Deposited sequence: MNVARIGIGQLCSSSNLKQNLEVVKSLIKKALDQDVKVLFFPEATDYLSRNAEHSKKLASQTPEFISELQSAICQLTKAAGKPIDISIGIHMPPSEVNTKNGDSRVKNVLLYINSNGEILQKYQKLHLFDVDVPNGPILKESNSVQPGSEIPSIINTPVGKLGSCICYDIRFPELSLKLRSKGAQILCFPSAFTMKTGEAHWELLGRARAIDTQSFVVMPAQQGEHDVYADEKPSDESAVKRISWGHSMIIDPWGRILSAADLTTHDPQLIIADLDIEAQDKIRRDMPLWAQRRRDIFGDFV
């Protein structure tokens, strides 16, 4: 009856089967702690060495997901209680895509309920393209085409984003306009940008929208040679933030083992903050339009 959520912080390798064992273990641990909704990071299925490597691994993800859906069903039936999963993966191009000549993976966030049913597939909207030098995420990753609909989770109304989305505030604002009480930003940040902006961005989106903000992150040095030079290290620091900007819960920084970060959301205090500072009633829609 308490709005308890959790983050499964980990350090995904390029071995999808290894990564799945960690996810199942974290879900089992979360069920023991009576977590109602468990949030995993971006690219939980795998991190890759390069876009060509990513394309090959993406073909293994459909089997990752199906085994994950069945693990969820088995674990909740064994535990006798439900848990919902939010998890970021790489989706391979469909057969429509193949025929259209699109090879591009899709950065997708799955919302999966306790019966292993996928309720949402949010595809990341914002990609990092720079054209001075030049680096184009969109050469290998297909941008999404929709603002996701709000999900009615066991702990409240969720608006779901992925990683780089966090830097574009109009997306978060729009999700509040559609009724979100909670936002998530499953992510993998570099050490540099992680240290500079990870916590600032989370808190900013929290107070901008007066929402709980879930910040599930990859943490540590990724083994992108575990499916058989290139190095990949994620800032981590997974955390849960309240509508006032307070950090409710953050990762133990003194171990790089996978860990569960838990917080109970005080929805009533959120109602009071939203009532006392009614930012959405105060917008200048005669100036900016209506979204």
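**Q** Which parts of the deposited sequence lack C-alpha coordinates in this model? Number from residue 1, please.
**A** Seq positions lacking coordinates: 1, 134-136, 233-238, 302.
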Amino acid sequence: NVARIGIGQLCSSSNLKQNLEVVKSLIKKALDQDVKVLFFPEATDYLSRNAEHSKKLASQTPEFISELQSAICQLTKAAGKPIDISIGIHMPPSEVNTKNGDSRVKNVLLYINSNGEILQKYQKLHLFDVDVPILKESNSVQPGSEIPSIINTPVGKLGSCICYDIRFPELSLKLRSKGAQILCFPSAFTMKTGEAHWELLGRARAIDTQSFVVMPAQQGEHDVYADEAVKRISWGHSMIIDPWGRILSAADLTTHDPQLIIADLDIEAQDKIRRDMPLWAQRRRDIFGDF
From here on, numbers count along this sequence of modelled residues.
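**Q** Out of 100-108 and 174-182, which stretch has the higher average CA B-factor listed in the record?
**A** Stretch with the higher mean C-alpha B-factor: 100-108.
**Q** When the C-alpha temperature factors are averaged for each of 255-263 and 34-42, which stretch ends up with the higher value in the entry?
**A** According to the entry, 255-263 carries the higher average C-alpha B-factor.
**Q** Which one, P169, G144, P82, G194, has the peak C-alpha temperature factor per the PDB entry?
**A** If I rank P169, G144, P82, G194 by C-alpha B-factor, first place goes to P82.
**Q** Could you tell me which one of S211, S94, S86, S187 shows the highest CA temperature factor in the PDB record?
**A** Within the set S211, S94, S86, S187, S94 shows the top C-alpha B-factor.
**Q** Using the B-factors in the PDB entry, rank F128's C-alpha atom against the chain and give the third, lowest, middle or highest.
**A** It belongs to the highest third of the chain when residues are ordered by C-alpha B-factor.
**Q** Looking at the C-alpha B-factor of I65, is it in the lowest, middle or highest third of its chain?
**A** CA B-factor rank for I65: middle third.
**Q** Ranked by Cα temperature factor within the chain, is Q219 in the lowest third, the middle third or the highest third?
**A** It falls in the bottom third of the chain.
**Q** Taking the entry's C-alpha B-factors for this chain, is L119 in the lowest, middle or highest third?
**A** Middle third.
**Q** Which third of the chain does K157 land in by C-alpha B-factor: lowest, middle or highest?
**A** Middle third by C-alpha B-factor.
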